[PDB]
Amino acid sequence: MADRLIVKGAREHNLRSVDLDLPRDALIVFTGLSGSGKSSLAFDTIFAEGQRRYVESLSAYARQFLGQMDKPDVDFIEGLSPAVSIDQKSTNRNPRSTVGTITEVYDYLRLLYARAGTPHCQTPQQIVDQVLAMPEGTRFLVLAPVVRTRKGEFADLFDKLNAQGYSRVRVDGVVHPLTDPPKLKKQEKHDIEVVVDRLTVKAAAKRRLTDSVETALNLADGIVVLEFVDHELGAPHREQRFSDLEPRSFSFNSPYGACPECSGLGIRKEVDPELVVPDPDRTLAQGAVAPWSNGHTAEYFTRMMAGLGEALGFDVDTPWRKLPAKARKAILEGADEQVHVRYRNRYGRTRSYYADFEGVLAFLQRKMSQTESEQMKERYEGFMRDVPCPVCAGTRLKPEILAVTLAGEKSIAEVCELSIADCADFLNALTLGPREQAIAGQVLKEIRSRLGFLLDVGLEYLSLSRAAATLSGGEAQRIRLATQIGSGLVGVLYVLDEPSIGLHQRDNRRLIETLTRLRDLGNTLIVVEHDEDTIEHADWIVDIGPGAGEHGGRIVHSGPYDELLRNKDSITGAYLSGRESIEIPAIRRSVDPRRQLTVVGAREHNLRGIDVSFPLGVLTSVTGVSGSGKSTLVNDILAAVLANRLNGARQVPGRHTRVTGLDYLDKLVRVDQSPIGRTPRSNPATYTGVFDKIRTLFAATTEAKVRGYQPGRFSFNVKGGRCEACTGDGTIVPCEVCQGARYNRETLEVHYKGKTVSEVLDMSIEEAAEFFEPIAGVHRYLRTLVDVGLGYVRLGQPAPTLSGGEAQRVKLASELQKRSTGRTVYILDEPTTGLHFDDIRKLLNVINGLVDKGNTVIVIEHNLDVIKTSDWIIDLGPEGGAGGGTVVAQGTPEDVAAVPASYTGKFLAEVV
Amino acid sequence: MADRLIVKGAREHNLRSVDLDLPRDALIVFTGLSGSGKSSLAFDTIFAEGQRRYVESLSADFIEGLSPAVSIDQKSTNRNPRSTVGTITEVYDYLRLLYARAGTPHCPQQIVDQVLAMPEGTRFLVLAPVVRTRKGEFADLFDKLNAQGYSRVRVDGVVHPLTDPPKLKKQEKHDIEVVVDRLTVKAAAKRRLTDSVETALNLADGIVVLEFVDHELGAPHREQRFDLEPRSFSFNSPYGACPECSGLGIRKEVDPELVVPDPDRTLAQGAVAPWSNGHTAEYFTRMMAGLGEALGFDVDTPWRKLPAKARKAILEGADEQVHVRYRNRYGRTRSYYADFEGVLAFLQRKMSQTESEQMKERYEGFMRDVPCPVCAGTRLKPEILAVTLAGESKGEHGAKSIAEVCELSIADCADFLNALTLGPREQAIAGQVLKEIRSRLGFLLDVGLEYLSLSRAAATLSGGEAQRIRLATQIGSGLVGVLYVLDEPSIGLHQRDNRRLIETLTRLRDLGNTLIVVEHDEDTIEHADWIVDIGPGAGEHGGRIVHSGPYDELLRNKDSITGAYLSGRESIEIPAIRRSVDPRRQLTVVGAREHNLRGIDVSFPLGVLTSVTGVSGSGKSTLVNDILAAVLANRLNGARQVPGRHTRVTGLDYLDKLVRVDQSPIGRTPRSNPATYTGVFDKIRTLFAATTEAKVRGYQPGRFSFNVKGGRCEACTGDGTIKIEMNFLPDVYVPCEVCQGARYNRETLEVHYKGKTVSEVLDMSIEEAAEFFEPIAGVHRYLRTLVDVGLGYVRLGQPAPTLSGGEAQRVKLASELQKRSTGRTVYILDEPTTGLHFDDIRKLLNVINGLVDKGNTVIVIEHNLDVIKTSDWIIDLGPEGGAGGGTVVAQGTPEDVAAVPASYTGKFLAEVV
DNA sequence: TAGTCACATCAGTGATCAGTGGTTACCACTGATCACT
DNA sequence: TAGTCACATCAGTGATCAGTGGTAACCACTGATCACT
Ligand SMILES: [Zn+2]
Ligand SMILES: [Zn+2]
Ligand SMILES: [Zn+2]
Ligand SMILES: [Zn+2]
């Protein structure tokens, strides 16, 4: 029973000639940095090969014909197993797919509804047990409801029944002989339940009842009825069944049984109201409302909104706590009528937004119903407008079914008006008995399993009624884990992305135990977490990419982890034997009692309303369990407000009250995790805004001037500069004319500085550091890129060849020094995702140097030594989910270390 | 190379807890009786694991060590008119993709490359380009053009400077071809001419010419400009299919002269196929006799000696109407008051009026021909099919139109495609597609299917070529260490048709692939590596493993009854000279000239056990089944199929009835049992209706059947097992709370007929149940035939999928070989060895020998040497495969077929008798 | 040489019913050059 | 501290299309039970 997988000859981008063995019955982690080829091998060489080998076999069958659109490009892999990938799916929208559908509970709940369906208004053992329990000596009748709900005249049926000579019949409860049948009319209602026997419960009678029952068992296909006619215990005429009411068919996504407005799978319940202006303490003149803080529309709406504020009588800048909350209420409801208003924006245009709006609730509705921006007109509706379906309570059913279907089990709210935890604890709380709680089967266990898995991980705060667009990072990283785990199949290979996003270190302290449980089941697991806890648990650790470019396209470590300590070349080994991941004691006194930001009263769904004290001019780090409110406060609340009214962004402030130091702040830059590199059009030089300047500089040459070639003509995406032979991709075997250069001969003649654009792109940035030195902007971009230390990339490198995680690192290098004050706050993502701790320590050297220059960084982190190097740590929430949302420590890393409450400090205290 | 497949927790009905572990480097064969555990073993242990593997991963029991396998079961592919032979050979879509890759439809940079390649110093007037044609008034358009600045124009057929606009009207049509410059050819002037053309490429939408603008205009501008259409690529969609015939294959309905195969028979007897019906024979005889009396042409005279005028007049009929109305044999009268249009136009109305479209296949493809010629056998639009290949040089550099599947064979199409040249583009690399095609093409070539033209379809599909194509297609991948699970793809039919297809398995085994073979053919055995015999018994107690891999262990083993013939333990022989007189009673199919036949005469003796051998799928299966068996069926019982072409049949006065049986697998539905298929259960329920405790309720014996709502327990679906599960898993068979392995309901179980209840009588095998029901002969003969064929321990109440489709299937025929006890009623039998294991082969051979010695007549399609040497007269057809066959090479006794030196089975008899 | 013997089973002969069998996007985000101060 | 006092050159900044990213017959099958003589 060998436990080895073998991969040979893998080649993709910088990765080349990879021959590695993956052991089983143990966890194996690939380490490295974003762009070293580890992500390419983890994602698009092994899983892609397995998927292709699985799908390419068959296409005719219409169950797997939906496959084979995927087109992976891998050489070969032998001795593989069908693997499953676990990573976020960037669909860019999930309105039609609620959280219930992605967790596979919707179809199951529909089957559960269909199982025990009673609208209010089988076996031979079931045939016999009731007559066995029938009291003796009781007069009754045999009933055969064979023409159920088929009202109308049935004299032809009377003649037909007379042909078999049953001699008995019963209509609407009245009994008659077949020889003397009652009159029937087509217009009148006539439900036929023909009496087969006017019998009675006496001794040795069971054969006549058996005959009179099996007659309709073979005629009506297994349905009869018994009817007490002398005792009727239980009803005025007690009867027993041996099987606005419209049964028809059951459907959820069909127009026959769906709401005419919500159109199925759409619920406008959203996350929370009041979210447009939930701040009672901000400076209102600093754009409390998101449309009031746009790049150019900010003043465009502030003009008449300040006019209406002056008219009504509430101040333009005073916080809503010195004023009553009536100010917030009256900016929500506003007032009718319009006033004269017109102003110019920063962009130079002049728009006349002349309309009547009833507060921000109807002002935003007017924006949805009036604006030409088809994106924002639905972007702004979701976060802060709650208008669910009134005719169906937001649910996926016709008006006149939802009441009846639950009357016997009244109206339907369920998945569209409930929460995940409430539904989880309510579904199994109904011990109905005979129908669903009779046999073990799978119903109760399958209901319990996934919901309990969500409970132990911590997804109890989620709600199905909540819009799927409000999915937090923790929810995104945990729901996929739970859904992958629910199968629990033994021997299947799992490959996972970086899990530090959405989870804490203490959360990893249980994710690792979950992974070891999965291993104890008998499967194979692969993670790229890079945390030191996942390391040291691998029998054969492998590290790749000593250099992310051609200088380091070789295997750097593959062994039993014993040689990691002695080998400092490997980055993960260089972290442990650091000489660089030390406390590095800073001044830690650059904080100021007054020159400091505060946030209070943030009563978000992930928070409680605590006061976070952000210092200025420091490397302050916000930490805590993910999903406990740190991201909703630092990013959704703080970064949003200083972005929208300190640089000109558009994000909604969210549920909070106050941010201070408005006079002490000038600019803010936010860099997200942002895995965005997938399209060949996007390049490390095109979106950065440097390629257009490169074209301008190249057109500043004499030859480009004489040949009449402009910067726009000198791009590779517009039809002017791209030859039709390449079709724009450069290599198709490359273009015959271009000969592997991606430039037509009519444009390649521009040899500025002895080189062309293709020559500059081909040349590495490390050797191009001497280039672009005089000209300022490209010099700054290239110099900060080199300061990052990853100058292996080319300017026009396609995004499919860029590993996820490093897409925004290049911009983030230049996104850390503005106005040279340099206290301008920069919100940082986690460098742990992608880059390993040696790359993060080089980044830390950059951060420390420019913080000594005067810069300010607010960073959400996951590791230990990187934030131990910092000077201030703020922990928000010790426990995950609802057990957090409050600050538990704020100060020097050693100060929080001494406090045995914050696990961040506890981690900083066990290693000093 | 050593991927250990482990089977644990495997059991299904007859199968019971079979566990094993094996490496993965050789071929695995399942032997034993048909089904009896091996069919379920090849189903619920590997395919079930693959199912529970892929059905979780598709998104939008526990078995480990196996590889993703492919299914080549019977249902996966059968005869369908929608799919031609191209799709099933996966070369239709394949070759279509390669054609669409870099095809040339035949009839910026190249604009200046033409001048660059043109030797310097020439002279030609490159003055005026062509812009897109516009018509109407363009005063403001020309004003805007002047604002831009061009200084040139050419409208209304006259050239002007742009400053001079001529007269334009909205009612006047102009071919607007404005000028852009006044340049001319010069040395090293490209930088000029480019600036004249390239910018125009952004305004004229890629239109520019170098016209003469001179006086003589001898040539039309040297045809210089800078039928072809892109269209769309699709085969099933109507985007690029035959718009009239909906993209279906051409309905080749040859021959029109199939109306009268045998001319010597009188036309009144029903020589015309619709004229020999059970009820419509006289319905058509009335008009043809009326026409014979009216026109005066003779009828009872054979067609060959008849005048051609009579034949044509009865073929196309005549005009006008006559008063004819008669009754049939079954008591209904048909008042046919219309015109007798021969048998040409009546058929068209017949298939036009009918609703069922399956009974018209025989009456359409073999009566008269009405195909659509717009596509002429092409599943492509008329333009593209020629356009794509008009630039594709093929074979000896011929580029006219795509024929391939439509109009060529394997050999010529492959040879022509091996010389494809679309320019130097595709010569720079060969690619893996070349070897992907070449491996399976060469494997098909060495098999011996060069004659197999691409025009083949379901209309000309045989079982042997079906095995050929399925095996070639599943080998075409040519992987290493990948499981291929296949049930019996078709009947085993010849030793020369096979034993050449198996060489591909031996070649592919060197790679390291592995396959599961559920095949009863003797040729597949003795040339493999690992063989296991499953199912010494066939009932629910029949799930057992006996035989081990190596054939040496087969020699050692005795329970695996393949050794009964492998080591020659027993065999059956010719039943002496029997009742075979030479000259008198010997039917002769003379002048059989069908599609593959060649006007040959074959003598089948009467009152004998005769067999047919030779190159199979080459006109001998049609010889025994298509022409002969159809004739006996339609002129001896009342069948409704055309026979084909044969000049005369003799000796039919010495036959009374015919029974014909195909391969006919029992099925794959658990609701079907051998009781309900053979016909035992009908009279079983009839007898159950006569029981003292079962004749008190009015209802018919239909209550005593497990297929109707009456005696049916609603928890089991008539199976003894709650097989209810969602699509994510096929569940494991479990007993019912009512049955516990009885597949019945207790209420019916009160019928203890002679102390035996229904569940009990369906729970004991026919071996023990033979003692019961002895006094009544109706069930006694059936149980005797079951126990004689070799189905004694068979469970009567057992699902069809896990039972015998080779021996228990043919009991419905063998029990009726006592047809009116004469018993020379003629029988036509398929290849029985499929499903038939060797012990059951011997038992059935003894039964058939006894019945034929009773005085029967049996013609069987057979290939095994032992069974044909058991029969007394072997007819061998086919000097070669396909068109090379169709003629007798040796017909007579086995000694005679071994005597004439033209029969492949004759030299097969030479090495072993 | 012809009107006498009981309310029987054949064996399919050989269309129809009925299990199955498979089959088919409005937005919206980032992309992005030249739209602006 | 007086009206101009010489000379372009970075930054991420909206709106939106543009052009990479996600797609029931057929009735062909055969078996079951069966209508008929
Ligand atoms: Zn609705
Ligand atoms: Zn090119
Ligand atoms: Zn056609
Ligand atoms: Zn049961």
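Residues numbered from 1 in each chain as written, not as in the entry; some residues may be left out. Chains lettered and ligands numbered in written order. Part of a larger assembly, values for the part shown. Heavy atoms only, no water.

Going by the annotation in the PDB entry, the name recorded for chain B is UvrABC system protein A, with Mycobacterium tuberculosis given as the source organism. Listed in the archive, the entry goes by the title "MtUvrA2UvrB2 bound to damaged oligonucleotide". Turning to chain B, the UniProt record has this under Subunit: "Forms a heterotetramer with UvrB during the search for lesions (By similarity). Interacts with RecA." The UniProt entry for chain B carries the following text under Subcellular location: "Cytoplasm". (UniProt positions renumbered as here; feature names shortened; annotations may be inferred.)

As annotated in the PDB entry, chain A carries the name UvrABC system protein A and is attributed to Mycobacterium tuberculosis. Listed under Subcellular location in UniProt, the entry text for chain A is "Cytoplasm".

Student: I'd love a proper account of the overall build of chain A, names of residues and values included.
Tutor: Within chain A, the regular secondary structure consists of 29 helices and 23 strands. Judged by the C-alpha coordinates and their principal axes, chain A covers about 115 × 80 × 70 Å. By the burial criterion, 51% of the 912 residues in chain A qualify as buried. The centroid of the 111 positive side-chain charges in chain A is displaced by 4 Å from the centroid of its 120 negative side-chain charges. (Helix = DSSP H or I, 4+ residues; strand = E, 2+ residues; numbered from the N terminus. Buried < 20%, exposed > 50% of the residue type's maximum accessible area, 1.4 Å probe, protein only. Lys, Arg positive; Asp, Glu negative; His and termini not counted. Charge placed at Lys NZ, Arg CZ, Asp CG, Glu CD.)

Student: Give a detailed account of the coordination of the zinc ion (ligand 4), specifying residues and quantitative values.
Tutor: Geometry reference: four tetrahedral donors at a metal, ideal angle 109.5 degrees. Six octahedral donors, ideal angles 90 or 180 degrees. All names here are of chain B. Bound to the zinc ion (ligand 4) on the protein side are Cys713 (SG), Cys716 (SG), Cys736 (SG) and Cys739 (SG), at distances that span 2.3 Å. Taken together, the four donor atoms coordinating the zinc ion (ligand 4) span angles of 99 to 118 degrees at the metal, a pattern that classifies the geometry as tetrahedral. Sequence positions of the donors to the zinc ion (ligand 4) reduce to the motif C-x2-C-x19-C-x2-C. Taking the relative accessible area as the measure of exposure, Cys713 reaches 4% and is therefore buried. According to the relative accessible area criterion, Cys716 is buried, its value standing at 2%. (Donors = N, O, S within 2.8 Å, 3.2 Å for Na, K, Ca; no water. Tetrahedral: all angles 85-135°; square planar, octahedral: opposite > 155°, others 65-115°.)

Student: Run through the coordination of the zinc ion (ligand 3), naming residues and quoting values.
Tutor: Residues and elements named next belong to chain B. Distances from the zinc ion (ligand 3) to its protein donors, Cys242 (SG), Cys245 (SG), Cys372 (SG) and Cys375 (SG), fall at 2.3 Å. In this structure, the zinc ion (ligand 3) is surrounded by four donor atoms whose angles at the metal cover 97 to 125 degrees, and the resulting shape is tetrahedral. Read in sequence order, the donor residues coordinating the zinc ion (ligand 3) give the pattern C-x2-C-x126-C-x2-C. One end of the pair, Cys242, is in the loop between α7 (190-201) and α8 (280-295); the other, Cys372, is in the loop between α11 (360-364) and α12 (382-389), with 130 residues separating them in the sequence.

Student: Mind laying out the protein's contact with DNA strand C, listing which residues take part and the relevant values?
Tutor: Neighbouring DNA strand C are 32 residues; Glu374, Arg379, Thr686 and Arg695 of chain A together with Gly638 of chain B lie closest to it. Sugar and phosphate atoms represent 85% of those atoms of DNA strand C found within 4 Å of the protein. Take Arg379 of chain A: an N or O atom from its side chain is 2.8 Å from a phosphate oxygen of DNA strand C. Between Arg695 of chain A and DNA strand C, the recorded distance is 2.8 Å, taken from a side-chain N or O atom to a sugar or linking oxygen. Only α11 (376-384) and α20 (691-699) of chain A together with α25 (777-789) of chain B provide two or more residues apiece to the surface near DNA strand C. (Near = heavy atom within 4 Å. Polar contact = N/O pair within 3.5 Å; in protein donor to acceptor, adjacent residues only side chain to side chain.)

Student: Provide a residue-level description of a nonpolar patch on the surface, including the pertinent values.
Tutor: A cluster of nonpolar side chains, contributed by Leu97, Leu98, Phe233 and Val433 of chain B, occupies part of the molecular surface with about 330 Å² of accessible area. Relative to the helices and strands, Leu97 of chain B resides in helix α4 (residues 92-102). (Patch = residues over 30% accessible without salt bridge, like charges linked within 9 Å, V, L, I, M, F, W, Y side chains within 5 Å. Areas by Shrake-Rupley, 256 points an atom, 1.4 Å probe, with all protein chains shown as cover. Salt bridge = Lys/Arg side-chain N within 4 Å of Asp/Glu carboxyl O.)

Student: Break down the protein's contact with DNA strand D for me, citing the residues and quoting the values.
Tutor: Neighbouring residues of DNA strand D: 34 residues in total, closest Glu815 of chain A together with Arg79, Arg82, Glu357 and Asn707 of chain B. Counted by atom, the contact set of DNA strand D within 4 Å of the protein is 67% sugar and phosphate. One nitrogen or oxygen atom from the main chain of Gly777 of chain A is found 3.5 Å from a sugar or linking oxygen belonging to DNA strand D. Looking at the surface near DNA strand D, the elements that each hand over two or more residues are α24 (776-788) and α25 (809-814) of chain A together with α21 (674-678) of chain B. Take the surface near DNA strand D: its biggest share by element is three residues, from α24 of chain A. Considering only residue class, the surface near DNA strand D consists of ten nonpolar, ten polar and 14 charged. (Nonpolar A, V, L, I, M, F, W, Y, C, P; charged D, E, K, R; others polar.)

Student: Give a detailed account of the domain arrangement of chain B, specifying residues and quantitative values.
Tutor: All names here are of chain B. When its domains are assigned, chain B resolves into domain 1 (2-76 + 462-571), domain 2 (77-107 + 224-251 + 370-461), domain 3 (108-223), domain 4 (252-369), domain 5 (572-664 + 804-913) and domain 6 (665-803). One C-alpha centre belongs to domain 1, the other to domain 5, and the line joining them spans 30 Å. Taken residue by residue, the interface counts 24 residues in domain 1 and 32 residues in domain 5. With both chains or domains summed, domain 1 and domain 5 bury close to 2,400 Å², and 58% of this area falls on carbon and sulfur atoms. When the area that domain 1 buries against domain 5 is broken down by residue, the three leading residues are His494, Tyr565 and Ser571, summing to 28%. Taken together, the connections running from domain 1 to domain 5 amount to zero salt bridges. (Domains from an automatic or database assignment. Contact = heavy atoms within 4.5 Å. Buried area = accessible area lost by both parts, 1.4 Å probe.)

Student: An account of the interface of chain A and chain B is requested, with residue identities and associated values reported.
Tutor: Opposite the 23 residues of chain A that make contact, chain B presents 26 residues. A salt bridge links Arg703 of chain B to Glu214 of chain A; the shortest N-O distance between them is 3.5 Å. Considering only residue class, the side of chain A that touches chain B consists of nine nonpolar, eight polar and six charged.

Student: Help me get a handle on the sheet that holds strand β3 (residues 28-31) of chain B, residues and values and all.
Tutor: All names here are of chain B. The four strands lie next to each other as β8-β9-β3-β10, forming an open sheet whose pairing is parallel. Bordering the open sheet on either side are β8 (483-486) and β10 (530-533), each of which pairs with just one other strand. When the angles between neighbouring strand axes are averaged without regard to direction, this sheet yields 15 degrees. For β3 and strand β9 (residues 514-518), the ladder comprises three bridges, and the chain directions are parallel. (Pairing = 2+ DSSP bridges. Axes fitted to C-alpha atoms, helices over the stretch in contact; angles between N-to-C directions.)

Student: For a positive patch on the surface, give the residues involved together with the corresponding values.
Tutor: Residues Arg132, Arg134, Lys135, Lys173 and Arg225 of chain B make up a contiguous surface patch of positive charge. Its location among the elements puts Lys135 of chain B in the loop between α5 (110-117) and α6 (139-148).

Student: Can you explain the packing of aromatic side chains? Please cite residues and give values.
Tutor: Scanning all chains against the criterion turns up 18 aromatic pairs over all chains. Pairing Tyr106 of chain A with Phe252 of chain A gives two aromatic rings, centres 5.2 Å apart and planes at 85 degrees, and the pair type is edge-to-face. Assessed through its relative accessible area of 12%, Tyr106 of chain A is described here as buried. Its relative accessible area of 25% is what places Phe252 of chain A among the partly exposed residues. Note on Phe301 of chain A and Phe363 of chain A: the rings are 4.5 Å apart at their centroids and 85 degrees apart in plane angle, and the pair reads as edge-to-face. Of this pair, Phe301 of chain A sits in helix α8 (residues 297-312) while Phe363 of chain A is found in helix α10 (residues 359-370), placing the two residues 62 residues apart along the sequence. Take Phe301 of chain A and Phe363 of chain A: they sit in the same class, and that class is buried. Counting every residue linked through ring pairs, the aromatic cluster contains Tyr300, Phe301, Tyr353, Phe357 and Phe363 of chain A. Looking at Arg110 of chain A, its charged tip hangs above the ring of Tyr106 of chain A, at a distance of 4.7 Å from the centre. The residue whose ring lies beneath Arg96 of chain B is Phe235 of chain B, and the NZ or CZ to ring-centre distance is 4.0 Å. (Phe/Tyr/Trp six-rings, centres within 6.5 Å; stacked < 30°, edge-to-face > 60°. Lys NZ or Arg CZ within 6 Å of the ring centre and 35° of its normal.)

Student: Give a description of α12 of chain B that names residues and reports values.
Tutor: Listed as buried for α12 of chain B are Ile384, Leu385, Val387 and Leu389 of chain B. Lining the buried residues of α12 of chain B we find α13 (404-407) of chain B.

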